[PDB]
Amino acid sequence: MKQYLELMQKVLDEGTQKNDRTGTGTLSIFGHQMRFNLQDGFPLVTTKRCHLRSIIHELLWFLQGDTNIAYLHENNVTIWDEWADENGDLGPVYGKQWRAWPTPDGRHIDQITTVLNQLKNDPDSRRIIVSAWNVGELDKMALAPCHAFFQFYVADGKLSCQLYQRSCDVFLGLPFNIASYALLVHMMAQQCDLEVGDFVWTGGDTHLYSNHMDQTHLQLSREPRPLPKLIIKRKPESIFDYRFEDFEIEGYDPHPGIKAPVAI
């Protein structure tokens, strides 16, 4: 998509060489922001084929409050396999944090429910936020949250969401984080009788792994096609009730996929 492709070119033009945890080495920039008007089309990358199945399944898994890959397996999604223990566990990652952030006083807060309630009774609130960034549990997580905190906003009968992504693998993670947050907005928007507004993505260390440079230049040589269109076929009783099947992406015609290795 135009915005995505401009971020890539930005990394290349202004990125500095950095060593990283995975010992692979990156090209990184610090602080970026791009806006996607969800009414223009569904933000699914077209200059490379993306695997929607994996995208959706992962989010349904987040919303369930699950942190074990079994679910992901039953559905043939193996994007998290490498961080998973012998038992399929990832520790208190996203889904636990979103649905049951543990408080110091033996309580547990469901952040999605909270947000949902806020978008309905006090949408002018400047406190409509979900944080995966739970400092008391980071040491028990397979990996610390990449997409760590988000905030909603309603104005003119449109829901907007802004994401603060602390670390971003531009080639592999980014296309995934974008289509995912966008589908979240559409889902929230349906539950609250809002129209879709903007998805604004903000980044922390945004980088290209040193082993994704050729694939990067290949992609860039491609011209984006018209964005797909999301069609939700049902209105479940709760946000927690979507099924893989309620969702339909129309008009998706991307360039051929490009393989690249994930740094572990």
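In this text, rigid core is short for the largest set of C-alphas that superpose within 1.5 Å between two forms. Quick note: we count residues from 1 along the sequence shown, nothing fancier.
Taking RMS over all structures and residues, which stretch has CA atoms farther from the shown form in 6 other deposited structures of this protein, 3-11 or 254-262, after a rigid core fit? Taking the RMS over all superposed structures in 6 other deposited structures of this protein, 254-262 lies farther out.
Between 69-77 and 190-198, larger RMS Cα displacement in 6 other deposited structures of this protein after core fit: Higher root mean square deviation of C-alphas in 6 other deposited structures of this protein is shown by 69-77.
Would you mind comparing 222-230 and 37-45 for me and telling me which has the higher average C-alpha temperature factor in the entry? Averaged over C-alpha atoms, the B-factors run higher in 222-230.
Is the mean CA B factor in the deposited entry higher across 115-123 or across 180-188? Per the PDB record, 115-123.
Between 237, 58, 198, 205, which one tops the list for C-alpha B-factor in the PDB entry? Reading the PDB entry, the winner on C-alpha B-factor is 237.
Which is it among 169, 110, 139, 89: the one with the largest CA B-factor in the entry? Comparing C-alpha B-factors across 169, 110, 139, 89, the maximum falls on 139.
Could you place residue 106 in the lowest, middle or highest third of its chain by Cα temperature factor, using the values in the record? CA B-factor rank for residue 106: highest third.
When the deposited Cα B-factors of this chain's modelled residues are ordered and cut into thirds, is residue 131 in the lowest, the middle or the highest one? Tercile = lowest for this residue's CA B-factor.
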